[PDB]
Number of protein chains: 4
Amino acid sequence: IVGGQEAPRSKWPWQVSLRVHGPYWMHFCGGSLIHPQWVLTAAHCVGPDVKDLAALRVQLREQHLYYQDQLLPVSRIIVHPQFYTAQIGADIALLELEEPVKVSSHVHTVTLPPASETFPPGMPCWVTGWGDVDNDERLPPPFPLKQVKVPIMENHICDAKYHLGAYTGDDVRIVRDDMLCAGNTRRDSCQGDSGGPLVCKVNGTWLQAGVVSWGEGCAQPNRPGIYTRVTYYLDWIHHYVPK
Amino acid sequence: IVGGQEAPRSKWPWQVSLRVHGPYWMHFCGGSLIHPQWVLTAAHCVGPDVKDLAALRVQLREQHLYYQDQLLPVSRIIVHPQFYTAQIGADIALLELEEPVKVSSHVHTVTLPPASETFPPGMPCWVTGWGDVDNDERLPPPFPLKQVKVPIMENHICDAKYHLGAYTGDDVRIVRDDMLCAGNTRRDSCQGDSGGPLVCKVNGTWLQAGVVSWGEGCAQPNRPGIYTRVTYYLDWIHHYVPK
Amino acid sequence: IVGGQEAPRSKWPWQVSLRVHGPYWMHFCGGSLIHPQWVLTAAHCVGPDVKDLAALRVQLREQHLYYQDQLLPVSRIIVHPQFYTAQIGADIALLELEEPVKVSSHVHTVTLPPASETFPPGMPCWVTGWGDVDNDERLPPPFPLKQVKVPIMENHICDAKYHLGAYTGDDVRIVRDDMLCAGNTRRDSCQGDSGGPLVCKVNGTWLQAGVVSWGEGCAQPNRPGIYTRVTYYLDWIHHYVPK
Amino acid sequence: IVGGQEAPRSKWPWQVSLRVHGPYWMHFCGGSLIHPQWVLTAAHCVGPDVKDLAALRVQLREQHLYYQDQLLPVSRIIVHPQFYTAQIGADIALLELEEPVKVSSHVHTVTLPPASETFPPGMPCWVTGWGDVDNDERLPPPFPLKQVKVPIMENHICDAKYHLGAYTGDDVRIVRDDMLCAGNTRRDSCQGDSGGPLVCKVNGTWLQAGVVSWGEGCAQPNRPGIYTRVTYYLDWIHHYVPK
Ligand SMILES: *[C@](=O)([C]([C][C][C]1[C][C][N][C]1)[N]C(=O)O[C][C]=[C])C1=NOC([C]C2=[C][C]=C(C(=O)[N][C]3[C]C4=[C][C]=[C][C]=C4[C]3)[C]=[C]2)=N1
Ligand SMILES: *[C@](=O)([C]([C][C][C]1[C][C][N][C]1)[N]C(=O)O[C][C]=[C])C1=NOC([C]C2=[C][C]=C(C(=O)[N][C]3[C]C4=[C][C]=[C][C]=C4[C]3)[C]=[C]2)=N1
Ligand SMILES: *[C@](=O)([C]([C][C][C]1[C][C][N][C]1)[N]C(=O)O[C][C]=[C])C1=NOC([C]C2=[C][C]=C(C(=O)[N][C]3[C]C4=[C][C]=[C][C]=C4[C]3)[C]=[C]2)=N1
Ligand SMILES: *[C@](=O)([C]([C][C][C]1[C][C][N][C]1)[N]C(=O)O[C][C]=[C])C1=NOC([C]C2=[C][C]=C(C(=O)[N][C]3[C]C4=[C][C]=[C][C]=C4[C]3)[C]=[C]2)=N1
């Protein structure tokens, strides 16, 4: 997370950490608990090539990574069939936990936005995670969960921004319709935050509007963060995740 | 180049090396001379973002990288407007030299194929360059130019292989039409070769079938190398490079 | 620490972690509290060149590094004047805190040995620290304090083994007299433990016999670990630390 | 080599490069041809631990490393028996080639100074090699042989300088008697040069005064380069190398 702060221990009860087996269960991506037994994340975190479940684990809300670990096994990895690379799109996936988690005031699901919801450009949104605090510079120990308020921006203006200083023709889409963008040169998500949540408080309830996907560097000029637009894949998520 | 041998001094007179300014003029990609004032290379080597031309230099055929440098400055970088990422396509670009090159038998241009050339499986093709000799294994000094004979396979055959061991749906095209594939588990191009030529002798004439673009790793199972198909972009090329 | 286990919270109340200022206060060496205002460590951890005291802090016993930091500033760095490299010898040093620390059951000083104590082989000792768990293998987060029981061997036994497989003449002493030797191919201290303590339980009381100094690698064949012999420098220590 | 320039191909005909077997025969140290069949070098380049001759090779005077390799096998490695580490001293070794070389104007022995020679302070001397052009800064390709003119410094003065900004007591010897020193903050030898020659023109003839040994960094203030004084070991060298 770039330009942010350690998050209060009572914020973001849905933030999750994805672990991969090695010398130790190391964090490689974020995620969000959208259902007692399901984790929403980015497909490029667990694909396009098939992964071995035995090597994956899930860690729920943690103030400092690695400290109070209680890894949870994954029963299934569901990666959107239309996904190949994040720049192309469909960068969303689901993780079915082997057991439902006992939700608490400190650890519960986040709400999915209704199919009609349209997070207006400029809405107050937050992105959370243990990703780098800047380009090429890791989050220092004890690895606190960071947060930052990033302003959402219209898809067209973002697509436009990405063409500035680029050879790509103006009518060629870079930021596509199944994506959404947010952040500026001082606030953004970064390597290690992918798969994590982009939530906005609406009416008086927190809705996940995006999933940290990709972007050129972190907090770079005319290069805001790109996220998978959740509303766009609501039907695909609901084909697996109940209500 | 994976699985080749050092190339004889009399072969590949069109091979070039692109250098970027730094502690020394380092080789980052390959290229080919298609005209006394033009070089053809991969769009991802010099884009999608605009670069400082002054920081770029071109080196004509050399038996050993850095050994006998006579760097040539560049006046224009022309990247196919449809390009953004190699996996999406249009991974092609043009470099105009500030001065025309004097051709000879050791240094001359390569012949581009006729718009109808197909390069079917069983055609004799070679790929050259100063890239890695294997995944994460750089070409050791004195850095000789290497060459390797690569088997060409039909696009749909490679497309099917890229779907093996992956979540991407079978009907979701991976190896695209403006692409060409070649190589196997013992013969392939690798990192550092991008932008270089893939030439096949057709009726006593060498033709550049493709430009080294991308692949999942190098010489990996079910992951043949992918090259941008030159015949697909002849019209574009000719909008800049005279006949 | 190679070949050990996580130490229980009630053990090694004198262990300390030295921290150098940087993106975060990083651990570079161990140490021991021998007085409410003094810390004993290796001279190679802070010299032979003078350091900027401001960039150095001390962390008292922690079950896990970086998680419960309560860094303490240093006012003096006193390195034995005989020191230059660890191999030569006199690898001992003192740190004076700016304020005395409040002692308790979880954190108090270690008892220095009487001048006549030899710590003969057989007699079991332990070495503790947050160093690598093997050659080139870092202690994984959450970075627990480790401990390991190491067999003490006579100085001449170790000296003889250090000459095995070496060109150094047998009569050119390697393991010097102001040094002490312990550990084997399965139990040893490693990079990151230098400066820490080697303690042996004598008459129901724990005594610091050595200070983690050097060795050729960690837990390697015929290369037991080498520690500064604390009894050799008692007089020097008392020239600064009260009795 | 810090400071200095690429050497004319007619200079330093006795300089050699030591190669160790890996992905390619890589340069790890410099050396000098002092006899048709012998190479003088630094003990730490090939010790203290015993080495496998099969994995070692010698490359004679080359203008650009790796480009015109003609590796010569080594039959014997004689490391001075009093050597253990560069700081302690006796950092000198001998390499017996398996075949005498056919000396020429381009490649021939350097001459050893007479046991009486002293090389006064402020003497014009040159050190050469393919080592780093600066602290942590590799000599870039095409790897030209470099040279620099460095001023000899009186031993006492060097020892004195090494005590400035250090905790080592003033009467504790750092730069020992079997050592010699030269260089300043602009000119010095560096990592990659160790084992190389330090020659001075005396009475109109080139004599090797030292072997590149150690130093605190390269060209650092009050930290001149330390070399193994050759005159000091003439007797040891002549026990093997014919007069
Ligand atoms: C993320 O941090 C994002 C960055 C998001 C933008 C940066 C600034 N604005 C927002 N990802 C990123 O995708 O950028 C480029 C690609 C389109 C991130 N960090 O790392 C990645 C990529 C990645 C690294 C490592 C893994 C991994 O370990 N994967 C697998 C999963 C698995 C399960 C079981 C057993 C083994 C494995 C290995 C995955 C993805 N993106
Ligand atoms: C390439 O080596 C290729 C190899 C292609 C396949 C591998 C096996 N079968 C064939 N491919 C590759 O796709 O890399 C990954 C991304 C899609 C290659 N090497 O490096 C790249 C990418 C790349 C890295 C760094 C640079 C660079 O330095 N660029 C610029 C050029 C420039 C000019 C002036 C001033 C500054 C710069 C920076 C370029 C490309 N691909
Ligand atoms: C040690 O781990 C020891 C381990 C000892 C043996 C290995 C197996 N058996 C036991 N050994 C070691 O030999 O080190 C090298 C040579 C004598 C160790 N850890 O780290 C070091 C070396 C070292 C690294 C980094 C620093 C450092 O950062 N120092 C200073 C302190 C400081 C304070 C304030 C401002 C700046 C600084 C920089 C020091 C030493 N050895
Ligand atoms: C040297 O460059 C010296 C530098 C000289 C000073 C700099 C300014 N004043 C002079 N540096 C140095 O640090 O000296 C040693 C003591 C602290 C140098 N280059 O590399 C080294 C150390 C070194 C690196 C790599 C090897 C190596 O690979 N050795 C062997 C030889 C061998 C043969 C067969 C099979 C295996 C091997 C491994 C050795 C030494 N110092």
Side-chain angles (χ1 to χ4, degrees), chain B residues 2 18 20-21 26 28-30 42 44-46 51-56 77 85-87 127 129 131-132 183 188-195 212-215 217-219 224-227, chain C residues 2 18 20-21 26 28-30 42 44-46 51-56 77 85-87 91 127 129 131-132 183 188-195 212-219 224-227, chain D residues 2 18 20-21 26 28-30 42 44-46 51-53 55-56 85-87 91 127 129 131-132 183 188-196 212-215 217-219 224-227:
Chain B
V2 182
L18 305 194
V20 62
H21 191 55
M26 181 174 60
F28 63 92
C29 272
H44 80 259
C45 285
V46 300
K51 310 289 168 57
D52 186 320
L53 287 163
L56 173 69
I77 291 301
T85 74
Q87 347 243 280
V127 67
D132 297 349
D188 195 347
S189 49
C190 203
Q191 279 67 51
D193 287 309
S194 306
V212 172
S213 192
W214 64 287
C218 305
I226 311 298
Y227 302 65
Chain C
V2 176
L18 297 200
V20 68
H21 188 285
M26 186 174 65
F28 61 96
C29 273
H44 83 252
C45 286
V46 291
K51 320 297 182 194
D52 176 355
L53 277 167
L56 167 70
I77 285 171
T85 72
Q87 283 71 42
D91 194 13
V127 57
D132 297 354
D188 197 0
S189 51
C190 202
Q191 281 61 55
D193 292 305
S194 304
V212 181
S213 199
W214 62 290
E216 167 174 343
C218 311
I226 312 301
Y227 303 68
Chain D
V2 191
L18 303 191
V20 51
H21 177 68
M26 182 169 63
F28 60 98
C29 281
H44 82 255
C45 283
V46 296
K51 307 296 186 193
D52 182 9
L53 290 67
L56 170 65
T85 80
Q87 292 76 24
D91 189 20
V127 61
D132 281 17
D188 198 357
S189 38
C190 205
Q191 283 65 43
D193 295 315
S194 307
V212 175
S213 198
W214 61 290
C218 307
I226 311 299
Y227 300 74

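Because only heavy atoms are used, hydrogens play no part in the values below, and waters and symmetry mates are left out as well, while side chains stay in. Order of appearance sets the numbers: ligands from 1, and atoms from 1 within every ligand. Per chain, numbering begins at 1; letters A, B, ... match sequence-line order.
In D:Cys190, the part holding a heavy atom less than 4.0 Å from any atom of ligand 4 is the backbone. Within the 4.0 Å heavy-atom criterion, the part of B:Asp52 lying near ligand 2 is the backbone and not the side chain. Contacts between B:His21 and ligand 2 below 4.0 angstrom, taking non-hydrogen atoms only, are absent altogether. Only backbone heavy atoms of D:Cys45 (N, CA, C or O) come within less than 4.0 Å of ligand 4; its side chain stays farther off. Using a 4.0 Å cut-off between heavy atoms, C:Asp193 contacts ligand 3 through its backbone alone, with no side-chain atom that close.
When all heavy atoms of D:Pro224 and D:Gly183 are compared, the closest pair comes out as CB-O, 4.0 Å. Heavy-atom minimum distance, B:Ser189 versus B:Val2: O-CG2, 4.4 Å.
Looking at atom 3 (C) of ligand 4, its nearest protein heavy atom turns out to be D:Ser194 OG, 1.4 Å. Closest to atom 37 (C) of ligand 2 among all protein heavy atoms lies B:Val20 CG2, 3.8 Å. The protein atom (non-hydrogen) at minimum distance from atom 34 (C) of ligand 3 is C:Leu56 CB, 3.5 Å. In terms of protein heavy atoms, atom 41 (N) of ligand 2 is closest to B:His44 NE2, 2.8 Å. Ranking the protein heavy atoms by distance from atom 20 (O) of ligand 4 puts D:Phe28 O, 4.0 Å first. Atom 8 (C) of ligand 2 has its closest protein heavy atom at B:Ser189 O, 2.8 Å.
Residue C:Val212 has no N or O atom closer than 3.5 Å to an N or O atom of ligand 3.
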Audit row: D:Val127, D:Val212, side-chain contact (heavy atoms from CB on, under 4.5 Å) steps and yes/no: CA-CA 8 Å; D:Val127 61; D:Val212 175; 3.6 Å; yes
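The B:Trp214 neighbourhood of ligand 2 comprises atoms 5 (C), 6 (C), 10 (C), 13 (O), with distances under 4.0 Å to a heavy atom of that residue. Taking every heavy atom of D:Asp188 and a limit of under 4.0 angstrom, the matching atoms of ligand 4 come to 8 (C), 9 (N). Contact atoms of ligand 4 toward D:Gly217: 7 (C), 8 (C) (distance under 4.0 Å to a heavy atom of the residue).
Note that OH of C:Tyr227 and OG of C:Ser194 are 9.5 Å apart. Values are rounded to the nearest 0.5 Å. Here CG of C:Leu56 is found 5.0 Å from CD1 of C:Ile77. Values are rounded to the nearest 0.5 Å. With values rounded to the nearest 0.5 angstrom, D:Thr85 atom OG1 is found 5.0 Å from D:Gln87 atom CD. With rounding to the nearest 0.5 Å, the separation of OG in B:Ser213 from NE2 in B:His44 is 6.0 Å.
Heavy-atom separations between C:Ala219 and ligand 3 are all 4.0 Å or longer.
Although no hydrogens or angles enter the test, the distance criterion places no donor-acceptor pair under 3.5 Å between the side chain of C:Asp132 and the main chain of C:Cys190. At least one donor-acceptor pair closer than 3.5 Å links the side chain of B:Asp188 to the backbone N or O of B:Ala219. The backbone N or O of D:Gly131 sits less than 3.5 Å from a side-chain atom of D:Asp193, completing a donor-acceptor pair.
The heavy atom nearest to atom 14 (O) of ligand 4, out of those in D:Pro224, D:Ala86, D:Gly225, D:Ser213, is found in D:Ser213. For atom 35 (C) of ligand 2, the nearest non-hydrogen atom from the set B:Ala55, B:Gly30, B:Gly131 comes from B:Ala55. Nearest to atom 32 (C) of ligand 4 by heavy-atom distance, out of D:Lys51, D:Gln191, D:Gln87, is D:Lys51. Across the listed options B:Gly192, B:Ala54, B:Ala42, B:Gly192 owns the non-hydrogen atom lying nearest to atom 2 (O) of ligand 2.
For atom 24 (C) of ligand 4, the nearest protein heavy atom lies 4.0 Å away or farther. Within the 4.0 angstrom cut-off, atom 16 (C) of ligand 2 has no protein heavy-atom neighbours.
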